[PDB]
Amino acid sequence: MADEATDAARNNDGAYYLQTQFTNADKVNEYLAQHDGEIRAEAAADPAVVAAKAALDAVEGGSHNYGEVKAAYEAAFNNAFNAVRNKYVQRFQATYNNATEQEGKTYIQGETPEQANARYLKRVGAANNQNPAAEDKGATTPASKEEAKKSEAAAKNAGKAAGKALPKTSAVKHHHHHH
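Numbering (the authors' numbering), first residue to last: 23 to 201.
Shown next, in the form of structure tokens:
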């Protein structure tokens, strides 16, 4: 069970270069979306990615070389997914330019903007070797451990009661009384 995968997703604008949808990138995304399956499968079937995941399941948690295989797995994944998506959109546009240009063009490049980012990521320092890795028991926010007891007291004050007094005596007898 040395595997755990919180798939949480990001259906949001994520252009490393357009930073939204600049230029005619809508028709790009439309294709990259329409074939997101074949693209994802190719990227996930790349020798670097299969090997890196299968090595991760053998070194996970933070086990030492973990940081390396983690960085390699990421690098190779993004690398591969970029490379497949790139090669397709490049073919697609340099076919669906039929009108004046790039029709039949076997002999000219195009490059892409994400390609300048993706160039940085290339590692294939393990290959071959593919076994399965997904079983995370869901783990959909466990509000385990939630309580707040408290039980306090204070302030006994400890006042006093009273003083003492006495009535006067009657050290008088008559009030003269002459005749």
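Think of the CB as a built atom: it goes at the ideal place given N, C-alpha and C, for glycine as much as any other residue.
Less than 7 Å divides the Cβ of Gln152 from the Cβ of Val72. In the three-state DSSP reduction, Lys190 falls in the coil class, being neither helix nor strand. In this structure, the CA atom of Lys49 is about 26 Å from the CA atom of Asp68. Rounded to the nearest angstrom, the gap between the Cα atoms of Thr128 and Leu54 is 22 Å. Using a C-beta cut-off of 8 Å, the segment 105-122 makes no contact with the segment 29-41, since fewer than three inter-stretch Cβ pairs fall below that distance.
The three-state secondary structure of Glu168, taken from DSSP, is coil. With contacts defined as CB atoms closer than 7 Å, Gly147 and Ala94 qualify as a contacting pair.
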